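Read the structure below first, then the notes.
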Amino acid sequence: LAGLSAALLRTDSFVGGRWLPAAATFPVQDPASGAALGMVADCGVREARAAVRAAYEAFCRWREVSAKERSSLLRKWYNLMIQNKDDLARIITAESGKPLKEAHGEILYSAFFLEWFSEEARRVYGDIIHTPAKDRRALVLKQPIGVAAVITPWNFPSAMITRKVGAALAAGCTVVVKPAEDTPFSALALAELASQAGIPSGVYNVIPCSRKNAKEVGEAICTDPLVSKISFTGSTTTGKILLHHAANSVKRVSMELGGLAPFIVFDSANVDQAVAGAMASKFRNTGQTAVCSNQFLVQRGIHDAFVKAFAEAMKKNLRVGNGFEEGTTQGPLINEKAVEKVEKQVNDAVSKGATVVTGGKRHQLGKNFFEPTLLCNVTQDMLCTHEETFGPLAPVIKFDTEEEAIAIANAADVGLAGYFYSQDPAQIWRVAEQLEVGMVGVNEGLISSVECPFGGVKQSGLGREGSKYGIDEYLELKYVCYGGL
Amino acid sequence: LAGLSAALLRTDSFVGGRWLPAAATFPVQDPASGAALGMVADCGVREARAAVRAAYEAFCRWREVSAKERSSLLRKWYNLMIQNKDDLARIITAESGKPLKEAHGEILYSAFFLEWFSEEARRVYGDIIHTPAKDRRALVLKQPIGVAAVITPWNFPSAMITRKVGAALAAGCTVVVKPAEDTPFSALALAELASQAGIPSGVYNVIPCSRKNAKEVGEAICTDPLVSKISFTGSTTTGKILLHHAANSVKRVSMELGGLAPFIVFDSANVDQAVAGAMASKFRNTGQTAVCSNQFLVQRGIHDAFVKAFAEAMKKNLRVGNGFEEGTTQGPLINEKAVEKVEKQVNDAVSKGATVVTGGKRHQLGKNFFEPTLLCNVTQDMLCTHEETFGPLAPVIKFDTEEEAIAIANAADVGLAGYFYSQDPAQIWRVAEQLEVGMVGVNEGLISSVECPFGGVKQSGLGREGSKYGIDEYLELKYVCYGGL
Amino acid sequence: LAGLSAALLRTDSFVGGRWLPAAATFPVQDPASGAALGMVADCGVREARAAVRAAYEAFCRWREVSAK
Amino acid sequence: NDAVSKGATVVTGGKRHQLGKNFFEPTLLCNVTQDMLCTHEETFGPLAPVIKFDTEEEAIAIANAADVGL
Ligand SMILES: Nc1ncnc2c1ncn2[C@@H]1O[C@H](COP(=O)(O)OP(=O)(O)O)[C@@H](O)[C@H]1O
Ligand SMILES: Nc1ncnc2c1ncn2[C@@H]1O[C@H](COP(=O)(O)OP(=O)(O)O)[C@@H](O)[C@H]1O
């Protein structure tokens, strides 16, 4: 529970290098025990506009700072995260409910993003191009966009912020962060460290706010003429709303929208491995992530052997309980409406053919705990209105051929992540290239990596985060025609 | 006038490798003489949806074609353009009204884009990234987005299409082109050559339509779920409308929106050169382009000498007349409403201080011809609602300091192109980096180049066309985590 | 019926000394036999405003021409 | 699709023909049930749904189902 570091756990918003409370506040409770965590400032349109101005003014100075200097600050920020990793992780588990171990995993990952972009800052290179004309030279400079509005989800209350903000700052931009009301603390803990690190005032701003204020606040920062860019990770519905906001001022946009995620297991797959991957990919964060494999397409031949091994792994490894409790691998669902969606998806399925192999009802721990569920004999049509239902539920759809498996996977007009196990060299290339998805896992169920491009195709998003391509979402190209020669 | 090549001048739409007429047709007239050029198909929402399907189906096959093959087809298309350059140019002058010489310039430029991207097709490279995990390898593939909706203006009826389409095809995408009603012929002449070149059916589609059908048609193709990308060049107003269209399906977008364009002449500038540049940049296409320097910021010291030399160059070189007429450097304005905007801008200015140095009224040739006008003693506030008034008008605003000149230039929340003449090494870098614009001309007034990145910052656009960055607007990154090692 | 003089029987509008077709056309039929006579340009507000301008500009020169 | 996703079993055909455009593969589905013919009483295409029956009284009862008889 408590015992943290007074400085890391914050309740006020962070604007212009100062902790500022709002007129109102919203409650944040531990999703597992229900305990009150704290009263967080609930910023409104005014606080937002103020935060934007703070960022816009910081930008004009920040863009001037040398890259080697911005790199150094990003690294100091990284080091501070590592030094305080245990507390930072307790905060994640306290508000997201994910197991302490999974929180430790996020903090490292989150830290690695600041570290990674710290290294990118000094590597923004312009070009020198040859043109026919002998009286001129072509130079191409890359410069930061300006101020960016950053809006993140509760899933990875730390990493989701750090992967955008690190790139933003690396390029020379300032940011205004609007964290999820379920998990605002992680965003503010970062702010505390950003000041300890020496990040100049106004570069990193955080404006927490409740569901009520979300619509109004989001509209303010995504509309402000002082904001030139928008970075968002969440549901498609919200994404489209922001894209409309951006459209009025032609703002640069980048986002990731929670799509499905097929997990195709072919006959040539190593079962134990397929299962291990199925385990890791589906039950991490209790199945509450946009990369959590939802539909399992298992081939006839290997089907039965798979489904039986999968379930036996669920019994041997999934221990539902409180995130801080030792030996827990399954935390609670973020809230009630969430539990309602799983139940909904489970019943609708069963009452349409589906066969429950394990789990199936709320866990007898009560509250927001649900039993890890594995249903087989599932069909495609049983995945409607549930394309955005995150929970520890794994529907297994049997398939015959590879053309079929691929046809089903590419069904959705959404494509984020995709997984598949196979021992066929050629099949691996065919499927990997044909899966209209942004990220493909081959014989692996956990593909996280700060040095690789994340994002989706079609309606799953725009742009990419992480890797050598992330910083591009925050730069503008300027062709300079040096003539008169 | 006539005498062209029956095959190059077309009146039907081009869909699926076939010339198809619509239920209705719209007239196209020579903007100079008023002569009837022809009756062009006026496609509606039905023809559009049909063209999209044709493209979507062609895509599934086209994406499969080798890059070396797509490169070869793009080059054959290029060669065909060169072989038919004289006719292709007559067509541009016939519908846009720009001088035959300027049309010859566009055809080469237009051809060079197909040539340039032909070379890019074989150079789309993926990456291999090192990650800590020893049991996995990271691969990054680049694949075409799918079908792209392309909407172009009348200014460069050929080049505007060719710079987007060449990249689109280079990446492996198919396209559906909706040309400007003022200049549809150039788009269809290209289609004729694309079939001669052997471009597979459905890869390049053209759906002409009148003002009436513009709204409906644009909405159809920019909304169709079979279209994954949108490329547009035109006014900001239309751009925002399309961005809203795209927002509903999270479509990839890229566009260029007609901003202003400062032309700052400093005291250290070589007058004759500054003037030569001012001439070329302002009166090319009779001042009807988004890169046409509108406001001239000339420094006190060199002011008077400049304004006097500028005007004397206007008398010695600008000869208003019919584009096909020999010795013509000024064609007509696209239409009546256009002439009305210039007059409007000229009067509003004069009746607010401005002093007319030359020109000022409609040219006594009648119709859509306007006298090249040069007004000095102009002030900033005299540029409202006229930020999108293209015409042979040059308002000269005097300035004192460089901080001032820059402050005024960056005034607009629009930044496309910018120019400035100076002989100060350090001043050149300061201004070039500070001009919040997408392209900067240093001691040069004509910066066109297929191998350099075109586009704008802020509200002037999204993405870039041409150069090594153009093809990026049509690809999607796919991170492939090869695990199980 | 036919056999006239190609030049005398016209289907396009006449503006500014040029024969110009409109986006649409309307049918003209012999009121006695019902036979199709031809498809005539169907000018709209745009063609009209254009014709007015053509006339207004011609006027400024025409008024100058001697009466003789 | 509505059929398959309700029990129907595709014996042949089933998707658009790979000739593209308006060409569809001749399709034969068996294991079809009555209720899978709604809003499709006016869907003309190369599709043949096979509904198994036991008795003649039954066959006739199903055939005369529709309030349409051509
Ligand atoms: N209309 C909206 N405008 C702006 N931000 C919004 C809006 N709706 C939700 N958000 C914000 O988006 C983030 C999460 O997006 P949301 O679509 O609610 O996904 P989820 O609940 O699945 O995490 C949160 O920070 C939330 O406050
Ligand atoms: N509402 C609209 N929807 C789709 N396309 C449009 C719309 N308005 C104009 N266009 C198209 O955009 C192109 C030119 O854009 P426009 O904003 O009219 O610029 P301009 O007239 O300055 O060239 C033309 O091809 C035109 O038909």
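So you can find residues: chains in the structure tokens are A, B, ... in the order shown, residues in each start at 1, and ligands are numbered from 1 in order.
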Distance query stretch 7-13 of chain D at most 7 Å, only C-alpha atoms, self and fewer than 6 positions along chain excluded, as number ranges by chain
D: 25-32
For residue B:183, please output as a VMD selection string all residues within 6 Å (counting only C-alpha atoms; exclusion window: fewer than 5 positions along the same chain).
chain B and resid 95 154 157
Per residue of chain A within 8 Å of chain D, note the shortest atom pair and the distance in Å to one decimal, counting only C-alpha atoms, and order the rows by chain and increasing residue number, as JSON lines.
{"residue": "A:379", "atom": "CA", "partner": "D:5", "partner_atom": "CA", "distance": 7.5}
{"residue": "A:380", "atom": "CA", "partner": "D:5", "partner_atom": "CA", "distance": 7.7}
{"residue": "A:381", "atom": "CA", "partner": "D:5", "partner_atom": "CA", "distance": 6.3}
To check your reading of the model: which residues sit at most 7 Å from ligand 1 when counting only C-alpha atoms and all ligand atoms? Write the answer as a short mmCIF file (atom, residue, chain, number, x, y, z; two decimals) with C-alpha atoms, in the first residue's frame.
data_model
loop_
_atom_site.label_atom_id
_atom_site.label_comp_id
_atom_site.auth_asym_id
_atom_site.auth_seq_id
_atom_site.Cartn_x
_atom_site.Cartn_y
_atom_site.Cartn_z
CA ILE A 151 -3.45 11.62 -24.50
CA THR A 152 -2.84 8.15 -23.01
CA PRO A 153 -4.86 5.13 -21.69
CA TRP A 154 -4.75 3.38 -18.31
CA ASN A 155 -3.20 0.06 -19.51
CA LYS A 178 -3.68 14.30 -20.33
CA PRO A 179 -3.50 10.92 -18.52
CA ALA A 180 -6.34 8.46 -18.01
CA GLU A 181 -8.50 9.18 -14.96
CA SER A 210 -12.11 12.88 -14.79
CA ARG A 211 -14.43 11.30 -17.34
CA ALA A 214 -12.27 14.35 -20.72
CA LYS A 215 -14.45 15.49 -23.66
CA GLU A 216 -14.01 19.21 -22.88
CA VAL A 217 -10.29 19.03 -22.03
CA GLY A 218 -9.39 16.80 -24.95
CA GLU A 219 -11.23 19.17 -27.28
CA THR A 233 -3.47 5.78 -27.80
CA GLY A 234 -6.91 4.34 -27.02
CA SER A 235 -10.23 3.31 -28.58
CA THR A 236 -11.12 3.88 -32.21
CA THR A 237 -14.20 5.83 -31.21
CA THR A 238 -12.19 8.42 -29.31
CA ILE A 241 -13.28 12.27 -32.46
CA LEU A 242 -9.76 13.68 -32.10
#
Looking only at strand (DSSP E or B) from DSSP on the backbone, list the matching residues of stretch 109-269 of chain B as a PyMOL selection string.
chain B and resi 127-129+137-144+147-151+174-178+204-206+229-234+252-257+263-265
Write the residues of the preceding selection, restricted to C-alpha atoms, as a PDB file, in the first residue's frame.
ATOM      1  CA  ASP B 127      15.385  -3.030 -41.676  1.00  0.00           C
ATOM      2  CA  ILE B 128      17.017  -5.639 -39.461  1.00  0.00           C
ATOM      3  CA  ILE B 129      17.272  -4.418 -35.846  1.00  0.00           C
ATOM      4  CA  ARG B 137      15.376 -11.176 -34.519  1.00  0.00           C
ATOM      5  CA  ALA B 138      13.592  -7.968 -35.540  1.00  0.00           C
ATOM      6  CA  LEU B 139      12.737  -7.359 -39.192  1.00  0.00           C
ATOM      7  CA  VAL B 140      10.901  -4.317 -40.554  1.00  0.00           C
ATOM      8  CA  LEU B 141       9.097  -4.601 -43.889  1.00  0.00           C
ATOM      9  CA  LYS B 142       7.599  -1.751 -45.862  1.00  0.00           C
ATOM     10  CA  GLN B 143       4.424  -2.524 -47.816  1.00  0.00           C
ATOM     11  CA  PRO B 144       2.014  -0.378 -49.924  1.00  0.00           C
ATOM     12  CA  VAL B 147      -5.820   2.269 -52.843  1.00  0.00           C
ATOM     13  CA  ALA B 148      -5.303   6.028 -52.819  1.00  0.00           C
ATOM     14  CA  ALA B 149      -7.736   8.766 -53.744  1.00  0.00           C
ATOM     15  CA  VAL B 150      -5.942  11.560 -55.613  1.00  0.00           C
ATOM     16  CA  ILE B 151      -7.495  15.035 -56.023  1.00  0.00           C
ATOM     17  CA  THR B 174      -3.252   1.955 -57.240  1.00  0.00           C
ATOM     18  CA  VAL B 175      -4.957   5.326 -57.621  1.00  0.00           C
ATOM     19  CA  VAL B 176      -8.254   7.007 -58.467  1.00  0.00           C
ATOM     20  CA  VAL B 177      -7.704  10.505 -59.861  1.00  0.00           C
ATOM     21  CA  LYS B 178     -10.311  13.257 -59.698  1.00  0.00           C
ATOM     22  CA  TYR B 204      -4.480   4.445 -62.870  1.00  0.00           C
ATOM     23  CA  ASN B 205      -8.091   5.638 -62.951  1.00  0.00           C
ATOM     24  CA  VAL B 206      -9.417   9.104 -63.810  1.00  0.00           C
ATOM     25  CA  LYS B 229      -5.150   6.850 -48.483  1.00  0.00           C
ATOM     26  CA  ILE B 230      -5.833  10.396 -49.679  1.00  0.00           C
ATOM     27  CA  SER B 231      -3.546  12.811 -51.565  1.00  0.00           C
ATOM     28  CA  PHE B 232      -4.821  16.328 -52.211  1.00  0.00           C
ATOM     29  CA  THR B 233      -3.446  19.676 -53.366  1.00  0.00           C
ATOM     30  CA  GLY B 234      -5.636  22.786 -53.239  1.00  0.00           C
ATOM     31  CA  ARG B 252      -3.744   8.066 -44.288  1.00  0.00           C
ATOM     32  CA  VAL B 253      -3.583  11.656 -45.486  1.00  0.00           C
ATOM     33  CA  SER B 254      -1.133  13.953 -47.269  1.00  0.00           C
ATOM     34  CA  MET B 255      -1.852  17.383 -48.728  1.00  0.00           C
ATOM     35  CA  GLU B 256      -0.543  20.802 -49.732  1.00  0.00           C
ATOM     36  CA  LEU B 257      -2.741  23.856 -49.064  1.00  0.00           C
ATOM     37  CA  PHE B 263       9.853  37.257 -50.540  1.00  0.00           C
ATOM     38  CA  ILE B 264      12.261  39.107 -48.233  1.00  0.00           C
ATOM     39  CA  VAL B 265      14.913  41.296 -49.902  1.00  0.00           C
TER      40      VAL B 265
END
Residues within 7 Å of stretch 15-30 of chain B, only C-alpha atoms, excluding chain neighbours under 2 positions, as a ChimeraX atom specification:
/B:12-13,32-43,51,54,94-95,97,182,201-202,205-206,210 /C:22-23
Output for the residues just chosen: C-alpha atoms as a CSV table (one decimal), in the first residue's frame:
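Saved to selection-v4.csv:
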chain,number,residue,atom,x,y,z
B,12,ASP,CA,-14.3,10.0,-71.5
B,13,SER,CA,-13.4,8.9,-68.0
B,32,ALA,CA,-7.9,32.8,-73.0
B,33,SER,CA,-10.0,32.8,-76.2
B,34,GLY,CA,-13.2,31.3,-74.7
B,35,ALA,CA,-13.3,28.6,-77.4
B,36,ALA,CA,-15.0,25.3,-76.6
B,37,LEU,CA,-12.4,22.6,-76.0
B,38,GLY,CA,-14.7,19.7,-75.5
B,39,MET,CA,-17.4,17.9,-73.6
B,40,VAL,CA,-15.9,15.8,-70.7
B,41,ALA,CA,-17.6,13.0,-68.8
B,42,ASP,CA,-19.1,14.3,-65.5
B,43,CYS,CA,-18.7,11.3,-63.2
B,51,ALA,CA,-13.5,3.3,-60.1
B,54,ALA,CA,-11.5,-1.2,-60.1
B,94,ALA,CA,-5.2,25.1,-74.0
B,95,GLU,CA,-6.9,24.4,-70.6
B,97,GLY,CA,-4.0,29.3,-70.3
B,182,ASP,CA,-11.0,23.5,-65.4
B,201,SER,CA,-5.9,-2.1,-65.9
B,202,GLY,CA,-7.2,-0.4,-62.8
B,205,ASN,CA,-8.1,5.6,-63.0
B,206,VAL,CA,-9.4,9.1,-63.8
B,210,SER,CA,-17.8,19.4,-62.7
C,22,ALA,CA,-23.6,23.9,-72.6
C,23,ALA,CA,-23.4,21.0,-70.1
Hey, what's within 10 Å of stretch 36-53 of chain C if we count only C-alpha atoms and toss same-chain stuff fewer than 4 positions away? As a VMD selection string, please?
(chain B and resid 34 336 366 to 367) or (chain C and resid 1 to 2 9 to 16 19 to 31 57 to 59)
Check: which chain B residues lie within 6 Å of chain A using only C-alpha atoms, as a PDB file with N, CA, C and O atoms, in the first residue's frame:
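That gives us part13.pdb:
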ATOM      1  N   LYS B 240      -9.592  20.818 -45.291  1.00  0.00           N
ATOM      2  CA  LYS B 240     -10.205  20.502 -44.002  1.00  0.00           C
ATOM      3  C   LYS B 240     -11.425  19.607 -44.171  1.00  0.00           C
ATOM      4  O   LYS B 240     -11.666  18.717 -43.354  1.00  0.00           O
ATOM      5  N   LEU B 243     -10.158  16.165 -44.682  1.00  0.00           N
ATOM      6  CA  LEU B 243      -9.579  15.638 -43.446  1.00  0.00           C
ATOM      7  C   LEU B 243     -10.691  15.124 -42.546  1.00  0.00           C
ATOM      8  O   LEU B 243     -10.484  14.211 -41.742  1.00  0.00           O
ATOM      9  N   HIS B 244     -11.872  15.720 -42.670  1.00  0.00           N
ATOM     10  CA  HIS B 244     -13.002  15.278 -41.867  1.00  0.00           C
ATOM     11  C   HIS B 244     -13.512  13.992 -42.477  1.00  0.00           C
ATOM     12  O   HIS B 244     -13.937  13.086 -41.765  1.00  0.00           O
ATOM     13  N   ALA B 247     -11.116  11.262 -41.387  1.00  0.00           N
ATOM     14  CA  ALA B 247     -11.242  10.984 -39.959  1.00  0.00           C
ATOM     15  C   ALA B 247     -12.211   9.858 -39.592  1.00  0.00           C
ATOM     16  O   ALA B 247     -11.994   9.158 -38.607  1.00  0.00           O
ATOM     17  N   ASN B 248     -13.268   9.674 -40.378  1.00  0.00           N
ATOM     18  CA  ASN B 248     -14.249   8.630 -40.091  1.00  0.00           C
ATOM     19  C   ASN B 248     -13.757   7.205 -40.294  1.00  0.00           C
ATOM     20  O   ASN B 248     -14.341   6.267 -39.747  1.00  0.00           O
ATOM     21  N   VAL B 250     -10.117   6.694 -40.415  1.00  0.00           N
ATOM     22  CA  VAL B 250      -8.700   6.792 -40.073  1.00  0.00           C
ATOM     23  C   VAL B 250      -7.796   6.556 -41.289  1.00  0.00           C
ATOM     24  O   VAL B 250      -6.818   5.799 -41.225  1.00  0.00           O
ATOM     25  N   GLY B 438       7.823  25.444 -45.336  1.00  0.00           N
ATOM     26  CA  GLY B 438       8.256  24.124 -45.766  1.00  0.00           C
ATOM     27  C   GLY B 438       9.400  24.130 -46.765  1.00  0.00           C
ATOM     28  O   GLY B 438      10.168  23.168 -46.857  1.00  0.00           O
ATOM     29  N   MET B 439       9.523  25.219 -47.518  1.00  0.00           N
ATOM     30  CA  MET B 439      10.573  25.339 -48.520  1.00  0.00           C
ATOM     31  C   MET B 439      11.107  26.762 -48.540  1.00  0.00           C
ATOM     32  O   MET B 439      10.336  27.716 -48.517  1.00  0.00           O
ATOM     33  N   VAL B 440      12.430  26.892 -48.581  1.00  0.00           N
ATOM     34  CA  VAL B 440      13.083  28.193 -48.588  1.00  0.00           C
ATOM     35  C   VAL B 440      13.964  28.371 -49.809  1.00  0.00           C
ATOM     36  O   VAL B 440      14.777  27.507 -50.132  1.00  0.00           O
ATOM     37  N   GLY B 441      13.799  29.502 -50.478  1.00  0.00           N
ATOM     38  CA  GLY B 441      14.610  29.802 -51.636  1.00  0.00           C
ATOM     39  C   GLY B 441      15.615  30.857 -51.207  1.00  0.00           C
ATOM     40  O   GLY B 441      15.224  31.928 -50.735  1.00  0.00           O
ATOM     41  N   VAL B 442      16.904  30.549 -51.340  1.00  0.00           N
ATOM     42  CA  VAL B 442      17.974  31.479 -50.978  1.00  0.00           C
ATOM     43  C   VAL B 442      18.605  32.027 -52.257  1.00  0.00           C
ATOM     44  O   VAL B 442      19.266  31.295 -52.992  1.00  0.00           O
ATOM     45  N   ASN B 443      18.396  33.317 -52.510  1.00  0.00           N
ATOM     46  CA  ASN B 443      18.921  33.969 -53.702  1.00  0.00           C
ATOM     47  C   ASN B 443      18.449  33.300 -54.986  1.00  0.00           C
ATOM     48  O   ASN B 443      19.116  33.368 -56.018  1.00  0.00           O
ATOM     49  N   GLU B 444      17.294  32.648 -54.907  1.00  0.00           N
ATOM     50  CA  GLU B 444      16.694  31.985 -56.054  1.00  0.00           C
ATOM     51  C   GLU B 444      15.180  32.096 -55.922  1.00  0.00           C
ATOM     52  O   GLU B 444      14.633  31.941 -54.826  1.00  0.00           O
ATOM     53  N   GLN B 459      -0.627  24.756 -41.054  1.00  0.00           N
ATOM     54  CA  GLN B 459      -1.821  24.518 -41.862  1.00  0.00           C
ATOM     55  C   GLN B 459      -1.625  24.528 -43.374  1.00  0.00           C
ATOM     56  O   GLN B 459      -2.599  24.563 -44.128  1.00  0.00           O
ATOM     57  N   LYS B 478       5.870  -2.654 -41.054  1.00  0.00           N
ATOM     58  CA  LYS B 478       5.434  -3.869 -40.388  1.00  0.00           C
ATOM     59  C   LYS B 478       6.609  -4.454 -39.636  1.00  0.00           C
ATOM     60  O   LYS B 478       7.568  -4.935 -40.232  1.00  0.00           O
ATOM     61  N   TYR B 479       6.542  -4.394 -38.320  1.00  0.00           N
ATOM     62  CA  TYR B 479       7.595  -4.943 -37.495  1.00  0.00           C
ATOM     63  C   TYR B 479       7.315  -6.442 -37.370  1.00  0.00           C
ATOM     64  O   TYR B 479       6.212  -6.842 -36.987  1.00  0.00           O
ATOM     65  N   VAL B 480       8.297  -7.262 -37.739  1.00  0.00           N
ATOM     66  CA  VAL B 480       8.170  -8.720 -37.661  1.00  0.00           C
ATOM     67  C   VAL B 480       9.161  -9.262 -36.637  1.00  0.00           C
ATOM     68  O   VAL B 480      10.384  -9.196 -36.823  1.00  0.00           O
ATOM     69  N   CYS B 481       8.625  -9.799 -35.550  1.00  0.00           N
ATOM     70  CA  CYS B 481       9.460 -10.345 -34.498  1.00  0.00           C
ATOM     71  C   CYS B 481       9.690 -11.831 -34.723  1.00  0.00           C
ATOM     72  O   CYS B 481       8.883 -12.657 -34.305  1.00  0.00           O
ATOM     73  N   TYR B 482      10.788 -12.169 -35.391  1.00  0.00           N
ATOM     74  CA  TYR B 482      11.100 -13.570 -35.656  1.00  0.00           C
ATOM     75  C   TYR B 482      11.654 -14.189 -34.365  1.00  0.00           C
ATOM     76  O   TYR B 482      12.831 -13.996 -34.025  1.00  0.00           O
ATOM     77  N   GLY B 483      10.801 -14.923 -33.649  1.00  0.00           N
ATOM     78  CA  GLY B 483      11.215 -15.535 -32.397  1.00  0.00           C
ATOM     79  C   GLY B 483      11.412 -17.038 -32.452  1.00  0.00           C
ATOM     80  O   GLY B 483      11.462 -17.628 -33.534  1.00  0.00           O
ATOM     81  N   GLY B 484      11.528 -17.652 -31.275  1.00  0.00           N
ATOM     82  CA  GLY B 484      11.713 -19.090 -31.185  1.00  0.00           C
ATOM     83  C   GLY B 484      13.082 -19.552 -31.643  1.00  0.00           C
ATOM     84  O   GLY B 484      13.204 -20.616 -32.245  1.00  0.00           O
TER      85      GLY B 484
END
Among stretch 172-386 of chain A, which ones does DSSP place in helix (DSSP H, G or I), written as JSON, numbers by chain?
{"A": [185, 186, 187, 188, 189, 190, 191, 192, 193, 194, 195, 196, 197, 211, 212, 213, 214, 215, 216, 217, 218, 219, 220, 221, 236, 237, 238, 239, 240, 241, 242, 243, 244, 245, 246, 247, 271, 272, 273, 274, 275, 276, 277, 278, 279, 280, 281, 282, 283, 284, 285, 286, 287, 300, 301, 302, 303, 304, 305, 306, 307, 308, 309, 310, 311, 312, 313, 314, 315, 316, 317, 336, 337, 338, 339, 340, 341, 342, 343, 344, 345, 346, 347, 348, 349, 350, 380, 381, 382, 383]}
Distance query stretch 67-83 of chain B at most 10 Å, only C-alpha atoms, self and fewer than 4 positions along chain excluded, as number ranges by chain
B: 62-63, 87-88, 107-108, 110-124, 162, 166-167, 169-172, 189-200
Written file, previous selection with C-alpha atoms, as a short mmCIF file (atom, residue, chain, number, x, y, z; two decimals), in the first residue's frame:
data_model
loop_
_atom_site.label_atom_id
_atom_site.label_comp_id
_atom_site.auth_asym_id
_atom_site.auth_seq_id
_atom_site.Cartn_x
_atom_site.Cartn_y
_atom_site.Cartn_z
CA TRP B 62 -0.35 -4.86 -58.68
CA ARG B 63 1.14 -5.19 -55.18
CA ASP B 87 1.08 17.88 -77.75
CA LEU B 88 0.93 17.37 -73.99
CA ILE B 107 5.48 18.58 -69.11
CA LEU B 108 9.18 17.97 -68.48
CA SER B 110 5.64 16.15 -64.87
CA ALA B 111 7.57 13.55 -66.85
CA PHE B 112 10.55 13.77 -64.48
CA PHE B 113 8.32 12.74 -61.59
CA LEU B 114 7.37 9.48 -63.31
CA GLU B 115 11.03 8.99 -64.16
CA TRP B 116 12.17 9.78 -60.61
CA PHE B 117 9.75 7.45 -58.86
CA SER B 118 10.46 4.75 -61.40
CA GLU B 119 13.90 4.74 -59.81
CA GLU B 120 12.50 4.73 -56.28
CA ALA B 121 10.40 1.59 -56.71
CA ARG B 122 13.40 -0.72 -56.47
CA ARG B 123 14.75 1.10 -53.43
CA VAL B 124 12.15 0.49 -50.72
CA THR B 162 2.22 12.86 -61.83
CA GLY B 166 4.26 8.18 -59.60
CA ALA B 167 5.02 7.71 -55.92
CA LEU B 169 2.55 3.32 -58.07
CA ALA B 170 6.22 3.16 -57.10
CA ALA B 171 5.19 1.95 -53.64
CA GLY B 172 2.78 -0.56 -55.16
CA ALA B 189 -3.88 12.38 -71.81
CA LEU B 190 -1.78 10.71 -69.12
CA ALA B 191 -4.24 7.81 -68.96
CA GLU B 192 -3.93 7.29 -72.72
CA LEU B 193 -0.18 7.04 -72.35
CA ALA B 194 -0.47 4.82 -69.26
CA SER B 195 -2.28 2.25 -71.41
CA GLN B 196 0.27 2.64 -74.18
CA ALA B 197 2.95 2.10 -71.50
CA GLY B 198 1.27 -1.07 -70.36
CA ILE B 199 0.18 0.04 -66.88
CA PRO B 200 -2.15 -2.85 -65.86
#
Quick one: residues within 12 Å of residue D:37, only C-alpha atoms counted, chain neighbours fewer than 5 positions away excluded, as JSON, numbers by chain?
{"D": [1, 2, 3, 6, 8, 32, 42, 43, 47, 48, 49, 50, 51, 62, 63, 65, 66]}
For the residues selected in the previous step, produce a file with C-alpha atoms as a PDB file, in the first residue's frame.
ATOM      1  CA  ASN D   1     -22.216 -15.689 -44.904  1.00  0.00           C
ATOM      2  CA  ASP D   2     -25.471 -15.330 -42.937  1.00  0.00           C
ATOM      3  CA  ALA D   3     -26.131 -18.989 -43.739  1.00  0.00           C
ATOM      4  CA  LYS D   6     -25.843 -20.217 -38.748  1.00  0.00           C
ATOM      5  CA  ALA D   8     -24.769 -24.067 -43.239  1.00  0.00           C
ATOM      6  CA  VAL D  32     -29.224 -25.469 -44.409  1.00  0.00           C
ATOM      7  CA  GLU D  42     -35.311 -11.915 -53.703  1.00  0.00           C
ATOM      8  CA  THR D  43     -31.561 -12.663 -53.923  1.00  0.00           C
ATOM      9  CA  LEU D  47     -26.313 -20.218 -54.904  1.00  0.00           C
ATOM     10  CA  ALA D  48     -28.048 -23.465 -53.979  1.00  0.00           C
ATOM     11  CA  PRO D  49     -29.013 -24.076 -50.295  1.00  0.00           C
ATOM     12  CA  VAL D  50     -29.928 -27.740 -49.597  1.00  0.00           C
ATOM     13  CA  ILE D  51     -32.451 -28.332 -46.782  1.00  0.00           C
ATOM     14  CA  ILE D  62     -41.904 -26.005 -45.958  1.00  0.00           C
ATOM     15  CA  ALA D  63     -42.399 -25.320 -49.670  1.00  0.00           C
ATOM     16  CA  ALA D  65     -44.147 -21.728 -46.246  1.00  0.00           C
ATOM     17  CA  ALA D  66     -43.710 -18.476 -48.164  1.00  0.00           C
TER      18      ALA D  66
END
Atom CA of residue B:398 and atom CA of residue B:378 are how many Å apart?
7.6 Å
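Taking only C-alpha atoms and all ligand atoms into account, ligand 2 lies nearest to B:389 out of the set B:322, B:401, B:368, B:389.
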